[PDB]
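Chemist: Supplied in structure tokens, the structure appears directly below.
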Amino acid sequence: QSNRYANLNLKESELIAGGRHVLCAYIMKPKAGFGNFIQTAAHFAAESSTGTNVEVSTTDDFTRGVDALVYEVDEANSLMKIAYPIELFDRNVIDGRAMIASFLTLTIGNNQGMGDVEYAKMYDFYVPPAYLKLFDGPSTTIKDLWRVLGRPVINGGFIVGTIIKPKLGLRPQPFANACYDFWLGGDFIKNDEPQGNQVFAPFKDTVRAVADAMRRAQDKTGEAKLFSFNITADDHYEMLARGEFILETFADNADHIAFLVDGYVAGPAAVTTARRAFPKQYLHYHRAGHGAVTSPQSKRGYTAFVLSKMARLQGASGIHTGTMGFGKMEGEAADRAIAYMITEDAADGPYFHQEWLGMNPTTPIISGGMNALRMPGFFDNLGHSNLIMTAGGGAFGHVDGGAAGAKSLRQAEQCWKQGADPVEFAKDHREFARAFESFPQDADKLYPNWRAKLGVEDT
Amino acid sequence: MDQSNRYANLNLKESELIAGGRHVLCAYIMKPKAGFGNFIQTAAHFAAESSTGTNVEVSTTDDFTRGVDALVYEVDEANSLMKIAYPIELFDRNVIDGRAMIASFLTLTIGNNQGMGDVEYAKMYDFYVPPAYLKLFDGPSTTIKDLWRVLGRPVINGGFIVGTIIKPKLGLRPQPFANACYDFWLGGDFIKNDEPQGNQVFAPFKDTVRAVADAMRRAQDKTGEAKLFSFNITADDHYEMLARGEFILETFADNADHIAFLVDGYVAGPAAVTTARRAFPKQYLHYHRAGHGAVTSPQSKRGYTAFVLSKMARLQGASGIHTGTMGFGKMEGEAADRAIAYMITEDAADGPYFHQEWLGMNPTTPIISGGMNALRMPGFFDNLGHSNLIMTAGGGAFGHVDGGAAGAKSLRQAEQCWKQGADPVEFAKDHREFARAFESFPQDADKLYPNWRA
Amino acid sequence: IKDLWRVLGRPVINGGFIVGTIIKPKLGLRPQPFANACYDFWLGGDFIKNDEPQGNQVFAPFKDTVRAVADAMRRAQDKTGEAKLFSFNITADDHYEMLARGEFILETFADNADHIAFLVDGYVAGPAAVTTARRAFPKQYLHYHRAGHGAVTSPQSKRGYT
Ligand SMILES: O=C(O)[C@@](O)(COP(=O)(O)O)[C@H](O)[C@H](O)COP(=O)(O)O
Ligand SMILES: O=C(O)[C@@](O)(COP(=O)(O)O)[C@H](O)[C@H](O)COP(=O)(O)O
Ligand SMILES: [K+]
Ligand SMILES: [K+]
Ligand SMILES: [Mg+2]
Ligand SMILES: [Mg+2]
Ligand SMILES: [Mg+2]
């Protein structure tokens with residue numbers, strides 16, 4: 001088994017050059033009292049490809065040729081790298097294309113229940129051209145949103161967004177009134193992830209009231225407005241019904257619609273339903289639930305980097321990549337590498353370089369405890385603002401309301417792009433300055449002398 | 001922000017919340033992150049991020065919204081326990097048929113709350129579904145009773161279904177695969193696709209399905225007994241899942257009611273499970289949970305346990321789900337996991353925190369699998385209390401010294417030994433295939449039956 | 001073309017020239033002689049196109065020709081070690097016939113399904129036929145064949161459009 005499933009003589013550069021293997025890098029610890037590191041890594045490769053925990057009479061030479069192989073170990077750093085012959089992965093009968101479900105079942109499936117492994121988490125993976133080209137990839141990108149907004153389709157810049165808050169509770173007309181207010185100052189509105197067809201806010205009534213708010217805001221401002229609707233369901237046919245109803249209702253504003261799918265909880269099947277049924281609608285991948293495995297506190301499953309890289313292959317137009325430590329959710333500054341892996345044609349993960357061969361980019365959607373004050377620091381860490389940022393609390397929690405909240409987000413990115421000092425910039429921008437008084441604990445930490453500098457009382 | 005006043009009401013009585021029938025209840029083991037809020041403050045912010053709030057006050061909140069807030073109604077900080085009540089009006093329903101969706105239950109009760117920067121961890125150990133919400137779930141349409149009927153067994157307590165998994169997990173070409181099916185079916189009842197088996201370039205789906213259909217006819221002609229197969233129809237594309245399923249049923253023809261459909265429900269998700277449940281309600285839906293250990297392991301302090309996963313699967317309409325070997329096999333499991341089996345088979349059962357009435361919703365079968373063999377079976381059944389289930393032993397059948405068929409008969413004989421209350425070593429002298437499992441897995445025999453070499 | 005260059009293993013930016021042919025005679029070749037001419041060209045070239053009227057004629061049934069061409073593609077790819085492409089005419093008056101043809105081709109080609117282009121006689125069958133292929137099969141290269149266009153586009157014509 002250590003002879004069969006482990007070949008540490010293989011050179012990673014040759015496995016990449018050969019283009020016949022998917023590579024996976026894991027941080028793994030063997031359970032005490034079982035096998036050594038290479039034995040545990042060999043049994044892990046067996047349970048992730050062609051074997052079980054005992055020898056079987058049915059094994060032939062052909063089977064041995066599709067074995068996953070351990071090609072590199074670094075026991076001191078708990079690192080194991082496995083090469084998966086690409087012929088292992090399932091393909092559709094209908095169109096010969098790849099499926100992420102098969103990648104998941106083999107590379108991070110049954111190997112997560114092994115009694116002889118304490119834990120194992122995937123940190124990176126490499127997809128060679130012969131397998132990458134079989135994935136859907138995104139059909140709609142931020143370029144399509146920039147075109148609807150009248151922005152340049154190359155570096156069209158920042159899309160000012162929000163989430164309708166409360167997360168649940170608003171009836172159809174109060175919901176649509178909050179949409180109208182935000183759209184007086186902002187571009188994009190997203191359903192909060194569970195909003196759909198609740199008994200107090202029926203889906204068709206809310207969709208119609210929002211379509212009317214979009215027309216009213218566009219007439220008032222003379223600017224195009226965008227909405228991302230949650231179409232998540234267990235039933236594929238419910239997802240189609242929701243999507244079809246939205247496009248028909250929005251009519252001449254149908255290209256202003258994004259479809260949101262809770263891709264981690266509903267699964268890859270739900271993401272593909274939206275991607276294949278509505279390829280001309282921006283597919284917004286919401287990752288609620290992902291923290292159960294992606295948290296740095298978890299030593300199992302896979303990281304947010306791996307989740308995001310899979311989503312690009314699945315065809316997400318955009319995916320939540322987190323605030324990279326600048327918001328309310330778990331995240332780190334080094335998470336900027338996630339955003340570049342999903343937007344660039346060539347990028348480096350923690351272990352593998354990836355060429356995307358012209359596959360469309362996936363937008364990093366920034367969200368979770370963001371507001372005007374936290375934005376300049378976020379953009380400094382990332383390096384660009386060609387993205388969507390949604391701030392629910394940061395817009396509707398603004399002291400002067402959602403419209404002022406939307407302008408504070410707009411003004412916060414204009415401050416960063418100009419290279420201005422946020423406190424100095426706030427004296428000329430009322431809505432941005434009023435975000436300091438809306439979130440005073442954040443202002444005290446990020447800009448310690450803001451009260452004296454903006455001429456406001458209290459502390 | 002301290003959201004305790006709004007999102008915590010520890011004066012609520014659990015018995016009254018259950019009697020009211022207007023709330024879903026969830027019990028979590030939670031630890032606040034050091035240097036942030038106290039236990040109640042963290043539990044209140046958790047309830048906020050799981051229902052109607054965010055991390056700051058918003059101008060758009062009204063009294064109506066406050067009425068659908070999730071509420072912390074019980075805390076036991078010493079045992080890291082938090083219980084939250086979710087008004088059932090929070091949960092999404094289908095526009096097409098007004099029915100519930102597990103995706104919404106997951107998004108609210110174990111979604112964004114798993115990324116909170118002020119929580120070290122939080123894992124769901126139990127949940128309660130009141131009648132007004134339970135009745136909106138699909139529940140299973142096909143059960144073990146339908147397999148017992150195809151096998152010619154009594155439809156009440158029809159007993160043990162002897163199964164295997166076709167090993168190698170991947171690598172077998174279509175005819176060698178079907179030859180291993182024929183061999184096992186000479187002694188056993190049920191064969192399962194190993195979870196990733198589908199349309200690989202070396203074993204095309206249609207060729208494998210046709211070769212297996214021919215092996216089923218040959219084994220049934222030879223033995224005079226009905227045989228069952230569970231095919232993996234998992235795909236990202238709903239239409240691929242339909243194409244696979246439709247092709248299998250048409251090919252199997254007069255044996256179409258001998259087919260189960262396997263879905264890798266944890267990796268492909270609830271959407272894939274529902275595709276199979278709603279498109280093929282008359283085909284036994286076999287929920288394979290590959291990947292689940294990333295959250296269900298006792299080593300994980302996040303997500304949800306295997307008990308919670310299994311209870312959701314029954315609501316989703318799984319006919320059967322892998323419940324693990326309860327510590328008797330190769331995967332992580334514990335003897336107390338027998339409570340998982342009762343929660344999914346009985347009409348009334350107790351979880352670690354909540355009693356559940358199922359109101360006649362069909363049972364889900366415990367599918368026992370993962371490092372099982374004829375030697376480990378009598379101990380497993382003693383712990384569970386019955387054998388009205390499917391057990392699949394891949395290595396335990398194809399790893400038997402005399403082959404598949406002998407492997408199958410040792411699984412059959414091992415359950416017959418348990419039902420008779422016989423001593424396995426004494427029983428083995430009269431049952432050759434059962435005795436030859438001792439020599440097939442000698443390390444297991446040395447631990448379970450120390451003086452067997454005789 | 002970037003998607004064809006990727007299947008050919010060429011750079012996806014300026015991947016260069018795709019060497020192609022049309023299976024002649026325009027009509028008359030039975031399924032195996034047709035597929036034998038595909039195999040021969042593919043020993044030296046990249047792309048083969050159905051001549052514009054080739055489909056389901058009584059002497060070259062569609063399913064038989066599609067299967068014989070799928071076998072010739074596998075044989076040429078095994079022989080040369082290079083990827084090969086085919087553009088199939090799926091033109092029909094009936095939208096559902098266009099879907100049946102396309103679906104049958106993709107299922108038959110299986111692991112070579114991304115080597116398939118769909119040809120539509122867009123000028124004679126019309127924009128409705130072009131959109132059927134574009135919307136039903138957006139991941140298959142849509143090859144617009146303009147047979148008939150000369151009736152208006154010719155410089156001799158002073159009507160219609162160029
Ligand atoms: O429900 C929420 O909490 C949010 O709407 C943010 O609202 P706020 O702006 O008010 O905080 C998003 O779903 C989270 O950002 C998801 O986290 P992530 O992006 O990390 O997946
Ligand atoms: O691939 C495997 O390992 C198995 O086929 C068992 O094969 P063996 O009989 O040879 O061990 C099953 O998928 C596991 O039982 C899944 O674990 P669980 O039931 O816990 O979901
Ligand atoms: K090496
Ligand atoms: K209480
Ligand atoms: Mg949200
Ligand atoms: Mg398996
Ligand atoms: Mg021609």
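Numbering starts fresh at 1 for the residues of each chain in the structure tokens, the chains themselves are lettered A, B, ... in the order given, and ligands are numbered from 1 as they appear.
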Segment 235-308 of chain B: which residues are alpha helix (DSSP H) by DSSP, as JSON, numbers by chain?

Modeler: {"B": [238, 239, 240, 241, 242, 243, 244, 245, 246, 247, 248, 249, 250, 251, 252, 265, 266, 267, 268, 270, 271, 272, 273, 274, 275, 276, 277, 278, 279, 293, 294, 295, 296, 306, 307, 308]}

Chemist: Those same residues - N, CA, C and O atoms - I'd like them written as a short mmCIF file (atom, residue, chain, number, x, y, z; two decimals), in the first residue's frame.

Modeler:
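Generated file (part12.cif):
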```
data_model
loop_
_atom_site.label_atom_id
_atom_site.label_comp_id
_atom_site.auth_asym_id
_atom_site.auth_seq_id
_atom_site.Cartn_x
_atom_site.Cartn_y
_atom_site.Cartn_z
N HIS B 238 -28.69 18.68 -12.82
CA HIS B 238 -30.00 18.04 -12.62
C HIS B 238 -30.38 17.17 -13.82
O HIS B 238 -30.90 16.07 -13.64
N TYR B 239 -30.14 17.66 -15.04
CA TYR B 239 -30.53 16.96 -16.25
C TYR B 239 -29.67 15.72 -16.48
O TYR B 239 -30.15 14.78 -17.06
N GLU B 240 -28.41 15.73 -16.00
CA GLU B 240 -27.56 14.57 -16.06
C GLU B 240 -28.09 13.52 -15.08
O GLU B 240 -28.08 12.34 -15.38
N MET B 241 -28.49 13.94 -13.88
CA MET B 241 -29.08 13.01 -12.90
C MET B 241 -30.34 12.35 -13.51
O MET B 241 -30.52 11.13 -13.38
N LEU B 242 -31.22 13.14 -14.17
CA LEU B 242 -32.40 12.57 -14.85
C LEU B 242 -32.01 11.60 -15.95
O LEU B 242 -32.61 10.53 -16.06
N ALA B 243 -31.02 11.96 -16.77
CA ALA B 243 -30.60 11.09 -17.89
C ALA B 243 -30.09 9.77 -17.37
O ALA B 243 -30.41 8.72 -17.93
N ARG B 244 -29.27 9.80 -16.31
CA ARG B 244 -28.74 8.58 -15.72
C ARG B 244 -29.87 7.69 -15.18
O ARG B 244 -29.92 6.51 -15.48
N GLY B 245 -30.74 8.28 -14.38
CA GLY B 245 -31.86 7.55 -13.79
C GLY B 245 -32.79 6.95 -14.81
O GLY B 245 -33.18 5.78 -14.72
N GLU B 246 -33.18 7.77 -15.81
CA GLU B 246 -34.07 7.28 -16.87
C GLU B 246 -33.45 6.13 -17.65
O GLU B 246 -34.12 5.13 -17.91
N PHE B 247 -32.15 6.25 -17.97
CA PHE B 247 -31.45 5.17 -18.70
C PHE B 247 -31.42 3.88 -17.90
O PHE B 247 -31.65 2.80 -18.47
N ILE B 248 -31.15 3.96 -16.60
CA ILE B 248 -31.13 2.78 -15.73
C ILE B 248 -32.50 2.09 -15.72
O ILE B 248 -32.57 0.88 -15.91
N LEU B 249 -33.57 2.84 -15.48
CA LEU B 249 -34.92 2.23 -15.40
C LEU B 249 -35.36 1.58 -16.71
O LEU B 249 -35.87 0.47 -16.71
N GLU B 250 -35.07 2.21 -17.83
CA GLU B 250 -35.41 1.65 -19.12
C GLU B 250 -34.60 0.40 -19.41
O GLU B 250 -35.15 -0.60 -19.87
N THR B 251 -33.32 0.44 -19.11
CA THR B 251 -32.44 -0.73 -19.31
C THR B 251 -32.84 -1.91 -18.43
O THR B 251 -32.88 -3.05 -18.90
N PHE B 252 -33.11 -1.67 -17.13
CA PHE B 252 -33.47 -2.76 -16.21
C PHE B 252 -34.85 -3.33 -16.52
O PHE B 252 -35.07 -4.53 -16.27
N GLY B 265 -25.23 12.90 -1.13
CA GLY B 265 -26.02 14.02 -0.61
C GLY B 265 -25.29 15.09 0.15
O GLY B 265 -25.72 16.24 0.15
N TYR B 266 -24.18 14.74 0.80
CA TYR B 266 -23.41 15.75 1.54
C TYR B 266 -22.57 16.58 0.56
O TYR B 266 -22.57 17.82 0.65
N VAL B 267 -21.87 15.94 -0.41
CA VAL B 267 -21.03 16.72 -1.34
C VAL B 267 -21.84 17.43 -2.42
O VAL B 267 -21.49 18.56 -2.74
N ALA B 268 -22.87 16.79 -3.02
CA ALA B 268 -23.66 17.39 -4.12
C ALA B 268 -24.74 18.30 -3.59
O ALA B 268 -25.17 19.23 -4.28
N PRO B 270 -28.30 19.16 -0.77
CA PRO B 270 -29.75 18.92 -0.74
C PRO B 270 -30.44 19.04 -2.12
O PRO B 270 -31.38 18.31 -2.35
N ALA B 271 -29.99 19.93 -2.99
CA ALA B 271 -30.57 20.09 -4.32
C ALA B 271 -30.50 18.76 -5.12
O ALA B 271 -31.47 18.36 -5.72
N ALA B 272 -29.35 18.05 -5.05
CA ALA B 272 -29.17 16.75 -5.72
C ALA B 272 -30.10 15.66 -5.10
O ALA B 272 -30.68 14.85 -5.81
N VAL B 273 -30.25 15.67 -3.76
CA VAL B 273 -31.09 14.71 -3.03
C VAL B 273 -32.55 14.89 -3.48
O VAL B 273 -33.20 13.92 -3.88
N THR B 274 -33.02 16.15 -3.52
CA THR B 274 -34.38 16.48 -3.91
C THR B 274 -34.60 16.14 -5.40
O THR B 274 -35.70 15.70 -5.75
N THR B 275 -33.59 16.37 -6.28
CA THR B 275 -33.74 15.98 -7.68
C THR B 275 -34.17 14.50 -7.74
O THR B 275 -35.19 14.19 -8.36
N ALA B 276 -33.42 13.61 -7.06
CA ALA B 276 -33.72 12.19 -7.06
C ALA B 276 -35.06 11.89 -6.38
O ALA B 276 -35.83 11.08 -6.89
N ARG B 277 -35.34 12.52 -5.23
CA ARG B 277 -36.56 12.26 -4.45
C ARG B 277 -37.81 12.64 -5.24
O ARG B 277 -38.78 11.91 -5.22
N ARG B 278 -37.81 13.81 -5.89
CA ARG B 278 -38.97 14.28 -6.62
C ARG B 278 -39.08 13.66 -8.01
O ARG B 278 -40.21 13.52 -8.49
N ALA B 279 -37.96 13.35 -8.70
CA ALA B 279 -38.07 12.79 -10.04
C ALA B 279 -38.36 11.32 -9.99
O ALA B 279 -39.03 10.82 -10.88
N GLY B 293 -17.73 13.86 7.44
CA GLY B 293 -16.79 13.85 8.56
C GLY B 293 -16.07 15.17 8.78
O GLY B 293 -15.65 15.46 9.90
N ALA B 294 -15.96 16.02 7.72
CA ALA B 294 -15.36 17.34 7.85
C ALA B 294 -16.07 18.15 8.92
O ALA B 294 -15.43 18.98 9.54
N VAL B 295 -17.38 17.93 9.14
CA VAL B 295 -18.12 18.63 10.21
C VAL B 295 -18.61 17.67 11.30
O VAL B 295 -18.65 18.07 12.45
N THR B 296 -19.04 16.47 10.96
CA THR B 296 -19.66 15.60 11.96
C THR B 296 -18.69 14.94 12.90
O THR B 296 -19.13 14.49 13.97
N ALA B 306 -23.57 13.96 13.19
CA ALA B 306 -24.17 12.94 12.31
C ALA B 306 -25.63 12.70 12.68
O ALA B 306 -26.42 12.38 11.81
N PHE B 307 -26.00 12.91 13.97
CA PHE B 307 -27.39 12.79 14.39
C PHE B 307 -28.22 13.83 13.65
O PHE B 307 -29.28 13.50 13.13
N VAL B 308 -27.75 15.09 13.63
CA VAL B 308 -28.46 16.19 12.95
C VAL B 308 -28.54 15.92 11.42
O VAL B 308 -29.60 16.10 10.81
#
```

Chemist: Could you report the residues within 7 Å of ligand 3, using only C-alpha atoms and all ligand atoms, as a compact mmCIF listing (two decimals) with N, CA and C atoms, in the first residue's frame?

Modeler:
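The resulting pocket.txt:
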```
# COMPACT_ATOMS: atom_id res chain seq x y z
N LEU A 8 7.24 8.99 -4.03
CA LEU A 8 7.86 10.28 -3.71
C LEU A 8 8.98 10.63 -4.69
N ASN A 9 9.32 9.73 -5.67
CA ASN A 9 10.30 10.03 -6.72
C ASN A 9 9.66 10.90 -7.78
N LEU A 10 8.32 11.01 -7.84
CA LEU A 10 7.68 11.85 -8.86
C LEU A 10 8.01 13.31 -8.61
N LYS A 11 8.35 14.04 -9.67
CA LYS A 11 8.65 15.46 -9.58
C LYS A 11 7.39 16.24 -9.90
N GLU A 12 7.03 17.17 -9.02
CA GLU A 12 5.86 17.99 -9.21
C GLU A 12 5.91 18.72 -10.55
N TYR A 71 3.01 12.04 -3.83
CA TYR A 71 4.26 12.36 -4.54
C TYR A 71 5.16 13.27 -3.71
N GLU A 72 4.65 13.87 -2.63
CA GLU A 72 5.48 14.74 -1.79
C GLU A 72 4.92 14.75 -0.38
```

Chemist: Would you name the residues within 8 Å of ligand 7, counting only C-alpha atoms and all ligand atoms, and put them as a list in words?

Modeler: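 My answer, listing the contacting residues, is residues 22, 26, 50, 51, 52, 53 and 147 of chain C.
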
Chemist: Please produce a file of those selected residues containing N, CA, C and O atoms, as a CSV table (one decimal), in the first residue's frame.

Modeler:
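As a result, out.csv now contains:
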```
chain,number,residue,atom,x,y,z
C,22,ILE,N,-13.8,20.3,-45.9
C,22,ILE,CA,-15.2,19.9,-46.0
C,22,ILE,C,-15.2,18.5,-46.6
C,22,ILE,O,-14.5,18.3,-47.6
C,26,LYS,N,-20.3,16.6,-51.8
C,26,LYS,CA,-21.3,17.4,-51.0
C,26,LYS,C,-22.4,16.4,-50.5
C,26,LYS,O,-22.8,16.6,-49.3
C,50,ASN,N,-19.1,19.4,-42.0
C,50,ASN,CA,-20.2,18.8,-42.8
C,50,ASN,C,-20.4,19.7,-44.0
C,50,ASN,O,-20.5,20.9,-43.8
C,51,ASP,N,-20.4,19.2,-45.3
C,51,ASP,CA,-20.8,20.1,-46.3
C,51,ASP,C,-22.3,20.5,-45.9
C,51,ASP,O,-23.1,19.8,-45.3
C,52,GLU,N,-22.7,21.8,-46.2
C,52,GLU,CA,-23.9,22.4,-45.7
C,52,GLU,C,-25.2,21.6,-45.9
C,52,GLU,O,-26.0,21.7,-44.9
C,53,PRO,N,-25.5,20.7,-46.9
C,53,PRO,CA,-26.8,20.0,-46.9
C,53,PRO,C,-26.7,18.6,-46.2
C,53,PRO,O,-27.8,18.0,-46.0
C,147,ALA,N,-24.9,29.7,-46.9
C,147,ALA,CA,-25.4,29.3,-48.2
C,147,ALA,C,-26.7,30.0,-48.5
C,147,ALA,O,-27.6,30.1,-47.7
```

Chemist: Might you pull out every residue within 9 Å of residue 367 of chain A, with only C-alpha atoms counted and same-chain residues fewer than 6 positions away left off, and present them as a VMD selection string?

Modeler: chain A and resid 162 320 to 323 327 329 388 to 392

Chemist: Would you output that residue set with N, CA, C and O atoms, as a PDB file, in the first residue's frame?

Modeler:
```pdb
ATOM      1  N   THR A 162     -25.499  46.962  -1.220  1.00  0.00           N
ATOM      2  CA  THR A 162     -26.050  46.658   0.088  1.00  0.00           C
ATOM      3  C   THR A 162     -26.809  45.370   0.064  1.00  0.00           C
ATOM      4  O   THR A 162     -26.967  44.740  -0.973  1.00  0.00           O
ATOM      5  N   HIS A 320     -18.551  35.401  -2.588  1.00  0.00           N
ATOM      6  CA  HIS A 320     -18.148  36.058  -1.356  1.00  0.00           C
ATOM      7  C   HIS A 320     -16.779  35.506  -0.948  1.00  0.00           C
ATOM      8  O   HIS A 320     -16.628  34.285  -0.853  1.00  0.00           O
ATOM      9  N   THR A 321     -15.764  36.371  -0.852  1.00  0.00           N
ATOM     10  CA  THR A 321     -14.404  35.968  -0.475  1.00  0.00           C
ATOM     11  C   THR A 321     -14.045  36.465   0.922  1.00  0.00           C
ATOM     12  O   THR A 321     -12.938  36.218   1.386  1.00  0.00           O
ATOM     13  N   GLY A 322     -14.985  37.147   1.571  1.00  0.00           N
ATOM     14  CA  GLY A 322     -14.803  37.686   2.900  1.00  0.00           C
ATOM     15  C   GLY A 322     -14.142  39.041   2.874  1.00  0.00           C
ATOM     16  O   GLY A 322     -13.755  39.516   1.818  1.00  0.00           O
ATOM     17  N   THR A 323     -14.003  39.652   4.050  1.00  0.00           N
ATOM     18  CA  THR A 323     -13.460  40.995   4.211  1.00  0.00           C
ATOM     19  C   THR A 323     -11.966  40.980   4.503  1.00  0.00           C
ATOM     20  O   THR A 323     -11.408  42.039   4.782  1.00  0.00           O
ATOM     21  N   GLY A 327     -13.688  43.094   8.387  1.00  0.00           N
ATOM     22  CA  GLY A 327     -15.082  43.069   8.811  1.00  0.00           C
ATOM     23  C   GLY A 327     -15.377  42.218  10.029  1.00  0.00           C
ATOM     24  O   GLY A 327     -14.492  41.955  10.845  1.00  0.00           O
ATOM     25  N   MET A 329     -16.592  38.954  10.112  1.00  0.00           N
ATOM     26  CA  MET A 329     -16.427  37.496   9.968  1.00  0.00           C
ATOM     27  C   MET A 329     -14.952  37.128  10.069  1.00  0.00           C
ATOM     28  O   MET A 329     -14.101  38.013  10.001  1.00  0.00           O
ATOM     29  N   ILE A 388     -17.613  44.156  -6.274  1.00  0.00           N
ATOM     30  CA  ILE A 388     -18.885  44.492  -5.624  1.00  0.00           C
ATOM     31  C   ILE A 388     -18.665  44.428  -4.125  1.00  0.00           C
ATOM     32  O   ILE A 388     -18.130  43.431  -3.644  1.00  0.00           O
ATOM     33  N   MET A 389     -19.100  45.448  -3.382  1.00  0.00           N
ATOM     34  CA  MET A 389     -19.077  45.364  -1.933  1.00  0.00           C
ATOM     35  C   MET A 389     -20.473  45.628  -1.468  1.00  0.00           C
ATOM     36  O   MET A 389     -21.108  46.575  -1.932  1.00  0.00           O
ATOM     37  N   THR A 390     -20.971  44.767  -0.597  1.00  0.00           N
ATOM     38  CA  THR A 390     -22.307  44.924  -0.023  1.00  0.00           C
ATOM     39  C   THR A 390     -22.157  45.208   1.475  1.00  0.00           C
ATOM     40  O   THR A 390     -21.463  44.456   2.172  1.00  0.00           O
ATOM     41  N   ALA A 391     -22.784  46.290   1.961  1.00  0.00           N
ATOM     42  CA  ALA A 391     -22.804  46.693   3.380  1.00  0.00           C
ATOM     43  C   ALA A 391     -24.234  46.921   3.807  1.00  0.00           C
ATOM     44  O   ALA A 391     -24.826  47.938   3.418  1.00  0.00           O
ATOM     45  N   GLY A 392     -24.794  45.947   4.525  1.00  0.00           N
ATOM     46  CA  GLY A 392     -26.161  45.970   5.024  1.00  0.00           C
ATOM     47  C   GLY A 392     -26.231  46.892   6.214  1.00  0.00           C
ATOM     48  O   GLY A 392     -26.814  47.973   6.120  1.00  0.00           O
TER      49      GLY A 392
END
```

Chemist: Could you pull the residues within 9 Å of residue 137 of chain C, counting only C-alpha atoms, minus those fewer than 5 positions along the same chain, as a list in words?

Modeler: residues 99, 102, 118, 132 and 142 of chain C

Chemist: Can those selected residues be exported to a file as a PDB file, in the first residue's frame so that it contains C-alpha atoms?

Modeler:
```
ATOM      1  CA  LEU C  99     -32.172  19.617 -30.388  1.00  0.00           C
ATOM      2  CA  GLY C 102     -27.300  18.112 -31.200  1.00  0.00           C
ATOM      3  CA  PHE C 118     -22.591  22.863 -34.555  1.00  0.00           C
ATOM      4  CA  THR C 132     -31.984  27.594 -31.385  1.00  0.00           C
ATOM      5  CA  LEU C 142     -21.720  27.832 -33.416  1.00  0.00           C
TER       6      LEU C 142
END
```

Chemist: Compile the residues of chain C that lie within 12 Å of chain B, evaluated using only C-alpha atoms, and express the compilation as a list in words.

Modeler: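 Only these qualify: residues 103, 107, 108, 109, 110, 111 and 112 of chain C.
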
Chemist: Selection from above, C-alpha atoms, as a PDB file, in the first residue's frame, can you write it?

Modeler:
```pdb
ATOM      1  CA  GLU C 103     -28.080  16.006 -28.133  1.00  0.00           C
ATOM      2  CA  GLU C 107     -23.825  11.962 -26.113  1.00  0.00           C
ATOM      3  CA  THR C 108     -22.174   9.888 -28.856  1.00  0.00           C
ATOM      4  CA  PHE C 109     -18.900  11.904 -28.838  1.00  0.00           C
ATOM      5  CA  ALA C 110     -18.841  11.626 -24.980  1.00  0.00           C
ATOM      6  CA  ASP C 111     -15.267  12.508 -23.774  1.00  0.00           C
ATOM      7  CA  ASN C 112     -14.755  14.198 -27.237  1.00  0.00           C
TER       8      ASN C 112
END
```
